[PDB]
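Input: a single structure, listed below in C-alpha cells.
2 protein chains.
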Amino acid sequence: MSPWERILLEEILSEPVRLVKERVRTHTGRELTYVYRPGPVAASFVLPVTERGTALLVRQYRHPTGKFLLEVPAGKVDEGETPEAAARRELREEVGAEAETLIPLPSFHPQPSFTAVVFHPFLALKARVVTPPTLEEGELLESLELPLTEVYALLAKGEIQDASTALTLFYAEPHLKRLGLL
Amino acid sequence: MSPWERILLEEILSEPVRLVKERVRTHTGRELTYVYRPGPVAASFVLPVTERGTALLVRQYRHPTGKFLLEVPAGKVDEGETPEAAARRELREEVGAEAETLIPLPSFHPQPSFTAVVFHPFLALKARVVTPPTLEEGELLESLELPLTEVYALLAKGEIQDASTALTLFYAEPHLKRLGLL
Ligand SMILES: Nc1ncnc2c1ncn2[C@@H]1O[C@H](COP(=O)(O)CP(=O)(O)OC[C@H]2O[C@@H](O)[C@H](O)[C@H]2O)[C@@H](O)[C@H]1O
Ligand SMILES: Nc1ncnc2c1ncn2[C@@H]1O[C@H](COP(=O)(O)CP(=O)(O)OC[C@H]2O[C@@H](O)[C@H](O)[C@H]2O)[C@@H](O)[C@H]1O
Ligand SMILES: [Mg+2]
Ligand SMILES: [Mg+2]
Ligand SMILES: [Mg+2]
Ligand SMILES: [Mg+2]
Ligand SMILES: [Mg+2]
Ligand SMILES: [Mg+2]
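Residue numbers (the deposited numbering), protein chains in the order written: chain A, 1 to 182; chain A', 1 to 182. A prime marks a further copy of an entry chain.
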C-alpha cells in the first residue's frame with residue numbers, strides 16, 4: 001500500500017554501492033524522480049566495553065568527510081548473515097576483539113531520505129582483544145581504548161560527530177549504568 | 001593532508017542528488033573506487049517545543065524505506081543560507097510553525113561512509129503554528145502534536161526509527177529538563 005507508484009526503476013550503479021533512480025507517480029498524481037540506495041540492506045554497529053569499564057573504539061578515515069572520526073566498530077551485514085553475527089565479525093576484523101554477551105539496542109535508519117539501510121546497534125560486554133585486526137582494502141583505521149567516562153564526556157560535549165556512534169552511546173548508557181560499568 | 005589521492009573524479013548524477021564515483025590511490029598504494037555524495041552539503045533538523053511542553057512533529061513518507069516515519073521537521077540548507085535559517089524555514093514549510101529561541105545542538109554526520117552531509121540539530125522554543133504548511137512536490141507528510149513525555153517514552157522504548165530525530169531528542173533532553181519543559 002505505497003503512496004507512490006513505480007513507473008520505471010533504473011539502476012545507476014551496481015558496485016561498489018547499488019544506486020537507483022526511480023520515476024514514480026506521487027500522491028499528487030504528478031511524476032517525480034527519486035534517487036536512492038535500495039533495500040534490503042543493513043549494517044551493525046557495536047560498542048565493545050571491557051570488564052575495566054573502557055571502550056574499544058576506532059579512529060577511522062571517512063573519505064566523503066575528509067576526516068578521521070571516532071566511531072564504534074561497524075560494518076555491513078553480509079548476505080544471509082544475522083545482525084549479531086555481523087557485529088561480532090566486524091568487531092574481530094576492525095579491532096581484533098571478541099566479546100561475550102551482545103545486548104541489542106534500537107535499530108535505526110541513518111538517512112531514510114536517501115537510503116533504505118537499517119543500522120543495528122549492540123552493546124558488547126567483556127570485550128577483549130585476542131588477535132590482530134584484519135582490515136579490508138579501503139578500511140583505514142586504528143583502534144584505541146578509552147575509559148567510558150571519557151567517551152561519555154566527549155558525547156556530552158558534542159564531540160562525537162558520527163551519528164551512529166553517538167546514538168549507540170545514548171542507547172547503551174542506561175544498560176552500562178545498570179550493569180555498573182558507568 | 002588526505003591519506004587518499006584523487007586519480008579521477010566522475011560525476012554519476014547531478015540532479016536531484018549529486019553523486020560521484022572517485023578513483024583514488026589509497027594508503028596501500030593500490031587503487032580503489034569510492035562512491036559518495038560530495039560536500040559541502042548540509043541539512044537542519046529542528047525539535048519544535050511549545051510552551052505547553054508538547055512537540056510539533058511530522059509523520060513523513062520516506063520512500064527508500066517504504067514507511068511513514070515520526071520525525072522532527074527538517075530540510076536541506078540552501079546555497080548561502082545559514083543552518084538556523086534553514087531550520088526556521090523548514091519548520092514554517094513543513095509544520096506552518098514559527099518559534100522564538102533556537103538552541104543549536106551538536107552537529108553530526110548521519111552516514112560518513114557515503115555522504116559528506118552534516119546535519120545541524122536545533123531545539124526551538126515557544127513553537128507555534130501560524131500558517132498552513134507549504135510542502136514541496138515530493139514531500140508527503142502530516143504534522144502532529146505530542147506531549148513531550150510521550151515522545152520521550154517512544155524514544156526510551158526504541159520506537160523512534162529516524163536516527164536524526166532520535167539523536168536530536170537525546171541532545172535536546174538536558175535543555176528541556178533545565179528549562180522545565182520536561
Ligand atoms: N560508499 C562507499 N563507496 C565505496 N566503497 C565503500 C563505501 N563504503 C564502504 N566502502 C568500503 O567498505 C569496507 C569494508 O567495510 P564495512 O566495515 O562493512 C563498512 P562501514 O564502512 O563501517 O559502514 C557502515 C555503513 O555506512 C553505510 O554507508 C553502509 O550501509 C555501511 O555499511 C571499506 O574498505 C570501504 O572502502
Ligand atoms: N534522495 C532523494 N531523491 C530525490 N528527491 C529527494 C531526495 N531527498 C529529498 N528529495 C526531495 O526533498 C524535498 C524538499 O525536501 P527537504 O525538507 O529539504 C528534505 P529532507 O527530505 O527532510 O531531508 C534531509 C536529509 O536527508 C539527506 O538525504 C539530505 O541531505 C537531507 O536534506 C522532497 O520533496 C523530496 O522529493
Ligand atoms: Mg566498518
Ligand atoms: Mg564489512
Ligand atoms: Mg569493516
Ligand atoms: Mg524535510
Ligand atoms: Mg527543503
Ligand atoms: Mg522540507
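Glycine included, each C-beta is placed from N, C-alpha and C at the ideal position.
Less than 9 Å between CB atoms is the rule here; does A':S44 satisfy it with respect to chain A? Counted from its first residue, the second sequence places residue 44 of chain A' at position 44. Taking Cβ atoms only, chain A never reaches closer than 9 Å to A':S44, which makes this a no.
So is the beta-carbon of A':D78 under 8 Å away from any non-hydrogen atom of ligand 7? Working through the second sequence from its first residue, we reach residue 78 of chain A' at position 78. Under cutoff, so the answer is yes.
Which residues DSSP lists as bridging A:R62, in chain order: Position 62 of the first sequence holds residue 62 of chain A. Answer by DSSP bridge pairing, in chain order: A:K67.
Does the stretch 134-152 of chain A come into contact with the stretch 23-31 of chain A', if we say contact requires no fewer than three beta-carbon pairs (one atom in each stretch) closer than 8 Å? yes
Can you find a heavy atom of ligand 2 that lies under 8 Å from the Cβ of A:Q60? Here residue 60 of chain A refers to the residue found at position 60 when the first sequence is read from its first residue. Result no, Cβ not under 8 Å from ligand 2.
With a 10 Å radius around its C-beta and 16 neighbouring C-beta atoms as the bar for buried, classify A:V130 as buried or exposed. Mapped onto the first sequence, residue 130 of chain A falls at position 130. Counting Cβ neighbours within 10 Å, A:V130 comes out exposed, since fewer than 16 surround it.
Relative to the alpha-carbon of A:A116, which residue among A':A116, A':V118, A':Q111, A':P132 has its alpha-carbon at the smallest distance? By 1-based counting over the first sequence, the position of residue 116 of chain A is 116. For the residues A':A116, A':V118, A':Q111, A':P132, the minimum Cα distance to A:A116 belongs to A':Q111.
For A:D162, go through chain A' and note every residue whose CB falls closer than 8 Å to its CB, in chain order. Along the first sequence, one-based indexing puts residue 162 of chain A at 162. Those are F108, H109, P112, listed as they occur along chain A'.
Roughly how many angstroms lie between the CA atoms of A:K126 and A:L181, to the nearest whole one? Mapped onto the first sequence, residue 126 of chain A falls at position 126. Mapped onto the first sequence, residue 181 of chain A falls at position 181. Approximately 11 Å between the Cα atoms of the pair.
For ligand 5, I want to know if residue 183 of chain A counts as a neighbour, meaning its beta carbon is within less than 8 Å of at least one of the ligand's heavy atoms. Summary: the structure shown does not reach residue 183 of chain A, with chain A confined to residues 1 through 182, and so no result is reported for it.
Starting from the C-beta of A':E93, find all residues in its chain whose C-beta is less than 6 Å away, skip the five residues before and the five after it, and write them out in chain order. Here residue 93 of chain A' refers to the residue found at position 93 of the second sequence. So the list reads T134, once near-sequence residues are dropped.
Exposed unless 16 or more other CB atoms sit within 10 angstroms - verdict on A':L9: Reading the second sequence from its first residue, position 9 is the one you call residue 9 of chain A'. By the 10 Å Cβ count, A':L9 comes out exposed.
With DSSP as the reference, identify every bridge partner of A':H120, one or two as the case may be. Here residue 120 of chain A' refers to the residue found at position 120 when the second sequence is read from its first residue. Partner(s): A':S44.
What are the start and end residues of the alpha helix (DSSP H) that includes A':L155? On the second sequence, position 155 is the one that residue 155 of chain A' refers to. Residues 148-156.
Is A:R62 buried or exposed, if buried means 16 or more other CB atoms sit within 10 Å of its CB? Within the first sequence, numbered from 1, the residue matching residue 62 of chain A stands at position 62. Burial call: buried.
Which residues in the same chain have their Cβ closer than 7 Å to the Cβ of A:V118, if we skip the five residues on either side of it in sequence? The residue labelled residue 118 of chain A in the question sits at position 118 within the first sequence. Once the five neighbours on either side are set aside, the close Cβ partners of A:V118 are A42, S107, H109.
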